[PDB]
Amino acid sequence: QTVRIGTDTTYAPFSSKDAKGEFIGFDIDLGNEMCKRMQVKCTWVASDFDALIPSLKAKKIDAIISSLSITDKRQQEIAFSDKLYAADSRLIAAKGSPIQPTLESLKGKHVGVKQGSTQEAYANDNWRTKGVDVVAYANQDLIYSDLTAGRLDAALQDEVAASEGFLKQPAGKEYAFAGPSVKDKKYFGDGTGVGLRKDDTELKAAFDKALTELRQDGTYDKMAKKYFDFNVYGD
């Protein structure tokens, strides 16, 4: 009757907190709208990103809505709803930096990634092994802070989150994307979705039906235009 939804609230404009601590963003909007149509009450539960899937398995939450990319490896552990939106990854660095998302360019440099994320996996496999100082952070706010402090040369995260939550904000005015999106289907998955226990067939079916329903009547686009002047859903 209650659905507990875990989210990492340091990933604007998808999941973050306003000045009085209330959860805000597109993930929150999608979650609340789906639960409205499911006719369920929903409790939001703030969590570090890397604790979300462990908390879901332990039954401390019932769903994850936290820009959780749908990947082959994660599907071995949990189930996913249908796609909520697309999520490409992209590097950011200081404006005018020559940095590229390449080993040759990042060797010896300090690159921040969120612990537990697809970006940490990609960076650990392709960069950390090979001499890039990949630094793994409990949350994304610590990454932005350490980047602006000049402790990081660059940071890898979801492209829309970096753009709307940092680059277009006053904090990130002197920073820019370094190179194009990092395209690696294996690592970064096929968009984001609601993360669910594999046996929670009924819950997944309910989320899927509300999501189709709010996409069909135009509610998705209404909510998306609050944050985005582009097609965040993808293909």
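From 1 onward, residues are counted along the sequence shown.
Mean CA temperature factor is higher for 167-175 when stretches 167-175 and 190-198 are set side by side in the entry.
For the pair 156-164 and 124-132, the mean Cα B-factor is higher in 124-132. Per the deposited record, 43 carries the highest C-alpha B-factor of all listed residues (43, 67, 32, 55).
Highest C-alpha temperature factor among 114, 83, 107, 90 per the entry: 107. The entry lists a Cα temperature factor for residue 141 that places it in the middle third of the chain's modelled residues. Sort the modelled residues of the chain by CA B factor and residue 216 lands in the highest third. Among all modelled residues in this chain, the alpha-carbon of residue 73 has a temperature factor (C-alpha) in the middle third. Per the PDB record, residue ranking by Cα B-factor puts residue 102 in the middle third of the chain. Residue 184 sits in the highest third of its chain by CA B factor, as recorded in the PDB entry.
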